[PDB]
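Novice: Please find one structure pasted underneath; my questions will follow.
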Ligand SMILES: [Ca+2]
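In the working numbering, the protein residues as written are 8 to 127.
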């Protein structure tokens with residue numbers, strides 16, 4: 008009954024860090040290199056929380072969140088936006104798509120863990 012996390016970020020390093028930090032903590036973690044892969048993974052497995060980088064090469068975190076929120080099982084699933092630069096503006100966009108919270112890059116393991124707990 009481990010909480011399932013889907014972490015989306017094109018960065019291999021970020022994906023490894025999040026996956027490593029979270030799995031070591033005790034989460035079941037799947038990562039996706041992009042929004043399309045993330046959406047495919049989200050449709051076959053039931054994630055309890057989704058972490059999405061804001062700026063990715065193809066599908067942005069906002070469009071990914073907008074899309075995943077269309078999947079009925081993710082109508083209310085907590086979603087955390089990951090980014091190096093939050094802005095009053097980005098946070099508004101995050102509200103129009105349904106984002107739940109924000110995580111600032113770079114994060115140390117501790118902050119990542121406490122942030123997930125607040126939405127879970
Ligand atoms: Ca990125």
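C-beta: ideal position from N, C-alpha, C; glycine also.
At least one CB of chain C closer than 8 angstroms to the CB of residue 16: is that the case?
Specialist: Structure shown: chain C not included; a single protein chain is present.
Novice: In the DSSP output, which residue or residues are listed as bridge partners for residue 89?
Specialist: Bridge partners of residue 89: 60, 110.
Novice: How many angstroms separate the CA atom of residue 5 from the CA atom of residue 100?
Specialist: Any answer about residue 5 is impossible in this case: the structure gives the chain only from 8 up to 127.
Novice: Tell me the rounded alpha-carbon separation between residue 116 and residue 123.
Specialist: Approximately 11 angstroms between the Cα atoms of the pair.
Novice: Below 8 angstroms, can you find three or more Cβ-Cβ pairs linking the segment 77 to 84 to the segment 30 to 45?
Specialist: As far as the Cβ criterion goes, the segment 77 to 84 does not touch the segment 30 to 45, which means the pair count is below three.
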